[PDB]
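Structure, as structure tokens:
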Amino acid sequence: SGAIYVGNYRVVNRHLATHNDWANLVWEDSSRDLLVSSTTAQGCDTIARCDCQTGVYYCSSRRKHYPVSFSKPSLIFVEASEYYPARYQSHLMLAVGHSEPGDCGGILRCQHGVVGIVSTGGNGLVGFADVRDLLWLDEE
Ligand SMILES: CSc1ccncc1NS(=O)(=O)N1CCC[C@H](C(N)=O)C1
Ligand SMILES: [Zn+2]
């Protein structure tokens, strides 16, 4: 579990969105595993606007933040899970690191701010849904 709180927005994995998230929906995209809802209080996270390929992510299954090297956002095949059928997920970055299903939502960050959230994994890999292209998270 986990979310990004920037401005009056809450960014979560689409597959983990609550009924309150859907009832206050701003934008969702199943191909990216992302959903954004509106919030009453202002959040403290800042979004990175950069092309870093190194950063640090939070792994809840280890209670630890790990430094990682990650690939550029791409279209990657993701196997069938209890949340989606086998499909191509877009804007996904891969890294070598520990992950378990419940680790989804952990933040990946660089020196500039939040880069994305854990979305996929398995066998010593972890995948992150990038958010750096969503410029509208910084306004309105
Ligand atoms: C951190 S997710 C994870 C980690 C380790 N083993 C396995 C997994 N699970 S998964 O990769 O099948 N995942 C399950 C939840 C939905 C995800 C999606 N974005 O399509 C796919
Ligand atoms: Zn950066």
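Just so it is clear, chain A uses Swiss-Prot numbers, and the residues here are 869-1008, in order.
For this deposited structure, the header notes the method as X-ray crystallography, 1.3 Å.
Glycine is no exception: its Cβ is also placed from the backbone N, Cα and C atoms.
Taking all protein chains in view, 16 other C-beta atoms sit within 10 angstroms of the C-beta of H883 (active site, for protease 2A activity). Under the heading active site, for protease 2A activity, Swiss-Prot lists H883 (among others), citing similarity to another entry as support.
The feature active site, for protease 2A activity is assigned by Swiss-Prot to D901 (among others). According to DSSP, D901 (active site, for protease 2A activity) sits in a coil region rather than a helix or strand.
When other Cβ atoms within 10 Å of the Cβ of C972 (active site, for protease 2A activity) are tallied across all protein chains shown, the result is 25. Taken from Swiss-Prot, the feature active site, for protease 2A activity applies to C972 (among others).
Neighbour count (other Cβ atoms within 10 Å of the Cβ, all protein chains): 13 for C918 (Zn(2+) 1 binding site). As annotated by Swiss-Prot, Zn(2+) 1 binding site applies to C918, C920, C978, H980.
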Query = Once near-sequence residues are set aside, which residues in the chain of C920 (Zn(2+) 1 binding site), 6 or more away, have Cβ atoms under 8 Å from its Cβ?
reply = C978, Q979, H980, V983
Request  = May I ask which of the recorded positions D901, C918, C972 is closest to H883 (active site, for protease 2A activity) if we compare their C-alpha atoms?
outcome  = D901
Remark   = Among recorded positions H883, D901, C920, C972, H980, close to ligand 1 by Cβ (under 6 Å) are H883, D901, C972
Message = Quick check for the class: what is the C-alpha distance, in angstrom and rounded, between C972 (active site, for protease 2A activity) and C918 (Zn(2+) 1 binding site)?
response = 23
Rounded to the nearest Å - Cα separation of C918 (Zn(2+) 1 binding site) and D901 (active site, for protease 2A activity) = 21
